[PDB]
Protein chains: 2
Amino acid sequence: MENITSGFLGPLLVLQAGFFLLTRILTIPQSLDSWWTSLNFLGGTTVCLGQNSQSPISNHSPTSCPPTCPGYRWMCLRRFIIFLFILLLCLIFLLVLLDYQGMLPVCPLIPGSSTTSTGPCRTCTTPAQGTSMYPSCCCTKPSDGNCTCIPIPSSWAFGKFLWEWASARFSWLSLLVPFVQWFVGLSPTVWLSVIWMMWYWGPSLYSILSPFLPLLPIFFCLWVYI
Amino acid sequence: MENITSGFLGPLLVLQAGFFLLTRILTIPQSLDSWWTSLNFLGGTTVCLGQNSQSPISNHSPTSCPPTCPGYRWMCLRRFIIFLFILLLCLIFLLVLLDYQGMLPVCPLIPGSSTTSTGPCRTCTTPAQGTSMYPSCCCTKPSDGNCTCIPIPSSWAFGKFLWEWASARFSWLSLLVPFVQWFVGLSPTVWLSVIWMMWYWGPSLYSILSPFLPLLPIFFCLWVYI
């Protein structure tokens, strides 16, 4: 009765969802191509210059010219580019889905005497060259050493440990970190004005700063010297 | 003497390197512009209306058009898009480079019973909650005090932890994993033939599979019932 109806609907719902997903996937190539081309075509036109005239003479052309006809390998190349971009977007979305997660570890290392709870050092002494990213700390040392080490804490975690470790490479970036920190410290109605200034207004600043490009190396060398 | 020359040359080398780096950075936008132009130059891409005859009358080629005349705001937008794409690409490249050495942490926590330690277990883990998932290994189990889990792998994958762990959501992927290994289990002179077959024959394959697209949902539903 209803169970048979439910079983059929489940297959029917699966079929409808598959149709919708296929439509979305096909559009993503097609829609991505349309949008990117418009990015070219907003400052451009809609006409296939490579639209041949051997078999057809139709003026339909204009991007996705005529499947096999006219530009064939180039439509395929655009499709491959779209597929690669889709894969990149999927990787980005996978990282975003990971996010803080709460299960993900960064599993970092840093020298300190802090502890999340009651931790007896028992004369924890065994040091080594490069204290950061030391041995596995499964009490891997000349002896066990009564070792307690870092679990995967909760935060951006992996990224935070990443840039903290990478900060040693360029401490100048670490200096600029407070600048961006207070810049992001601004309220929500800050990015709006930032975008408004960013919209247009950019060509003039770019043109003016073009002379400053030679000036930039001079200042960089001056600070490099001192 | 020569030491003074040595000190002076450092700034000179810095200036030369900065000039080269600026040239490369600027070319990267130009390189991207040229490459996508070629993607359009597959059709030919031999005209741009962004150099309209408002101020000047010279048709400025078809890629850069006029720096400011007529369409330049769309040219600037294309430049900004290229900059964003370059930023994404270099971020991806840095992430990829961060993993080959295997220095990048990959502390994993998944249900298992593999044992490699000195005089281990006889207390082990008795967690009857939170399923079989494991949390940060300070001491994962609610009552674990002498706990010791598993250290990160030297195999250059790190992310394979989640790749196999999160794979439990879709065991069908695990089924295809043997096929993936079989395909990977090939000589170096295999990818070349694969590329040769893929080139210029993917059109007919795509055309044939297009009829199979409706057939594919039917088979997928049938196995879903199966």
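The deposited coordinates derive from cryo-EM, with the record listing a resolution of 6.6 Å.

The name given to chain A in the PDB entry is Isoform S of Large envelope protein, with the source organism recorded as Hepatitis B virus ayw/China/Tibet127/2002. Per the PDB header, the title for this entry is "Cryo-EM structure of Hepatitis B virus surface antigen subviral particle with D2 symmetry". UniProt, in its Subcellular location section for chain A, records the words "Virion membrane".

Draft legend 1. Region of the structure containing the overall build of chain A. Within chain A, the secondary structure is distributed over 6 helices and 0 strands. Sequence-ordered secondary structure for chain A, helices as α and strands as β, is α-α-α-α-α-α. Whereas a compact globule of 226 residues would reach a radius of gyration of roughly 17 Å, chain A reaches 29 Å, over 25% beyond that. A principal-axis box enclosing the C-alpha atoms of chain A has dimensions of 85 × 75 × 40 Å. Across chain A, contacts joining residues at least 24 apart in sequence account for 46% of those joining residues at least 6 apart.

Draft legend 2. Seen up close, the packing of aromatic side chains. Relative to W36 of chain B, the ring of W36 of chain A lies with its centre 6.3 Å away and its plane at 5°, an arrangement referred to as stacked. Linking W36 of chain A in helix 1 (residues 2–42) with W36 of chain B in helix 1 (residues 2–41), this pair reaches from one chain into another.

Draft legend 3. Summary view of the state of the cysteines. Residue and element names in this part refer to chain B. Note that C48 is cross-linked by a disulfide to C65, the S-S spacing being 2.0 Å. A residue pair is termed long-range when its members are at least 10 positions apart, and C48 in the loop between helix 1 and helix 2 (73–100) and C65 in the loop between helix 1 and helix 2 qualify at 17 residues. Across the disulfide from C139 sits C147; the S-S distance is 2.3 Å. With the S-S bond torsion at -130°, the cross-link from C139 to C147 turns out left-handed.

Draft legend 4. Representation of the interface of chain A and chain B within the structure. The interface is formed by 13 residues belonging to chain A together with 12 residues belonging to chain B. Among the elements that make up the side of chain A that touches chain B, the one with the highest residue count is helix 2 (residues 73–98) of chain A (3 residues). Class assignment of the residues belonging to the side of chain A that touches chain B gives a composition of 9 nonpolar, 3 polar and 1 charged.

Draft legend 5. Focus on the relation of the copies chain A and chain B. At an RMSD of 1.7 Å, chain A and chain B line up after a rotation of 180° and a shift of 0.5 Å along the axis. On the angle and the small slide along the axis, the relation comes out as a two-fold axis. Taking the C-alpha atom as reference, chain A places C107 of chain A closest to the rotation axis, 3.2 Å from it.

Draft legend 6. Structural context of the UniProt feature "transmembrane region" in chain A. What UniProt calls "transmembrane region" maps, in this numbering, to residues 8–28, 80–100, 175–195 and 202–224 of chain A. End C-alpha to end C-alpha, residues 202–224 of chain A measures 29 Å, and it is 100% helix and 0% strand.

Reading guide: rules and limits
- Residues numbered from 1 in each chain as written, not as in the entry; some residues may be left out.
- Chains lettered and ligands numbered in written order.
- Part of a larger assembly, values for the part shown.
- Heavy atoms only, no water.
- Residues with missing side-chain atoms left out of burial classes, pairs and counts.
- UniProt positions renumbered as here; feature names shortened; annotations may be inferred.
- Helix = DSSP H or I, 4+ residues; strand = E, 2+ residues; numbered from the N terminus.
- Rg over C-alpha atoms; globule rule 2.2 N^0.38 Å.
- Contact = heavy atoms within 4.5 Å.
- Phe/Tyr/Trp six-rings, centres within 6.5 Å; stacked < 30°, edge-to-face > 60°.
- Disulfide = S-S within 2.5 Å.
- Nonpolar A, V, L, I, M, F, W, Y, C, P; charged D, E, K, R; others polar.
- Least-squares fit on C-alpha atoms.

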